[PDB]
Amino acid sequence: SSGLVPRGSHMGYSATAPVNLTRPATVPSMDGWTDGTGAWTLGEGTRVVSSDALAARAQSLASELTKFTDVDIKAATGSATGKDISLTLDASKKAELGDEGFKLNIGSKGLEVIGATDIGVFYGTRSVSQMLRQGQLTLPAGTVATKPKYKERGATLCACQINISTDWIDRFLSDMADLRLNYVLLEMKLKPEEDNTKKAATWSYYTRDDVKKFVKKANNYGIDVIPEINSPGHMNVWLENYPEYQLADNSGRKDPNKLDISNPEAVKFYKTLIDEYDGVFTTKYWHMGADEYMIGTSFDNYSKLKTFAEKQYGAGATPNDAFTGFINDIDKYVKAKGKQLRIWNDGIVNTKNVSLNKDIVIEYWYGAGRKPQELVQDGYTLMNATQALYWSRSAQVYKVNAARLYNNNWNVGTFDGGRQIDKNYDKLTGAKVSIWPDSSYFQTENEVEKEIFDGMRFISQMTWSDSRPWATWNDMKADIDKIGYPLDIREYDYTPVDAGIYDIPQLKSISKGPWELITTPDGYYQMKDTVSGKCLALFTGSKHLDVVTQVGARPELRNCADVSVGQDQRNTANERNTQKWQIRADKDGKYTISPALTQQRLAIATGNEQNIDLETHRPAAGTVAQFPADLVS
């Protein structure tokens, strides 16, 4: 026989190691590794040692490593040995490491992680976690220092019109942290609570408490959460119940998507929203959008803006000058709150009397506008938000093809439409992927999470390392799958109850039950009524993005859809995904049921829930309906 047996190296440092022992991969890659003699093995007795100041980082890494390796790893202070992982914060290494970089030294003193900042050390621990969670506990000796090429690296997450659950956002932030991504532009509605704005508290919204919680999580992971309230276009979710602030065209027809920037009360309403957000986001930026204001039409249909332009900005001013002056007035407003403004590049229009302020960050997505090289020449600060890095749940033109970009030599300088600029442009901030819902019933959020996996690793590698150390994309793919997700994602209880037969008293207005629960591949349940043989759906009500957003909408029984199929079954998507339910166990043991697509929660209506939608239609008191969790907790 072969006598095949586990090697079982002693823990700690060994001066002997085979010359070609695998060095487990990381993403981003840590390029320019210098080999040393020997190897280091995590094993019984290994500790994570640090200063008192780094204790929280060390305790967290020790609990994480205990879970991935099956070895009891404890945190400690004081002296480290060769058996240990040591964390050091040495702020004097800013030149070598900058604000986010880190050095690993693996040798007879153990595995050292050195950062010049707390986030630097935290980022080095993410590589330590990736290297040790792949089934190999012995790491080749040597040293590497690495730091990101670009300052802003991450994603637009449009949690907009539909709601992306805060559980999903928490996972997403853990994934970003694992990939050293430090930027999320979150276009979302924070629930408006004051007098001139409260009628815009329609769903989706997030409460102040819930935003404070995930911004706190993001900040501990080194992530800047930048809010966007898109304006003066794409304002439907804000202006639906404020027709007094909507722009009317030349025939008097108002569009709930368009802010009337010639109405000072409408401008004040937008500023009031910025003040509301200021209290919960910690970032130094404000993103106002400025995309697609006149989509589907033209300023020729809005003569009122030309009249406004001439009064406000002088004879010969044009609607593009009024539009630009609104952006510059918002810039003035947020600078006075200590923030810097950011817009999408199609907000850059041909002006005459007004010039757009050059202290505004330009997030470039639309290469039909003024071209990337012209903006370089103009001296704007630019972020690459190319359409090549888009996903949409419905627009199949937008699905990121990481293999193609890896193989075609895309880099952060490759702006929309393959238009290359100098990747070393001193005002190129970095690059991001963009996650857009559009018609939202084609894909559940959990399917979005499965689909974006590879593209998130792609953008992490190209904005930190800007290198292709894997010979082809397929070589990269194999390693990013071996690295896998961070612990928080692996521990999330997608489906906390077993499939089988349940009594569900909250659903007695629909059927006396019992109900058969079965799980789906994307972590939800179908609920079949054993009385009618039909399945519970949240199907009917007023919608945004083709998903029911109506507060107080009631679920109904419909013939059972096939919930076992994937997102490529687009022709049955809506019947299928309206029959998916997410079950969560609270703190603790009690269960709440949410429609997978709407992320509101079922509850028995009392008649006391307070929300603008309910001013005009309430579900019959005592029946089961969906409501935002804040109205029912």
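Basically, rigid core = biggest C-alpha set you can superpose within 1.5 Å across the two forms. Residue numbers here begin at 1 and follow the sequence given.
In a rigid core superposition of the other structures in 5 other deposited structures of this protein, 423-431 and 362-370 differ in how far their CA atoms stray, and the farther one is 362-370. Farther on average from this form in 5 other deposited structures of this protein lies stretch 346-354, the comparison being between 217-225 and 346-354 by RMS Cα distance after core superposition. For the segment pair 618-626 and 14-22, the entry gives 14-22 the higher mean B-factor, averaged over Cα atoms. Taking the mean C-alpha B-factor of each stretch as recorded, 285-293 and 508-516 are not equal, and the higher mean is that of 508-516. The PDB entry assigns its highest CA temperature factor, among 126, 528, 93, 432, to 93.
When the Cα B-factors of 394, 165, 409, 262 are read from the PDB record, 409 comes out highest.
In this PDB entry, the Cα temperature factor of residue 352 sits in the top third of its chain's modelled residues, the highest group.
Sort the modelled residues of the chain by CA B factor and residue 41 lands in the middle third.
The PDB entry assigns residue 28 a C-alpha temperature factor belonging to the lowest third of its chain's modelled residues. In the PDB entry, residue 417 places in the highest third of its chain by CA B-factor. Per-chain ranking of the deposited C-alpha B factor places residue 133 in the middle third.
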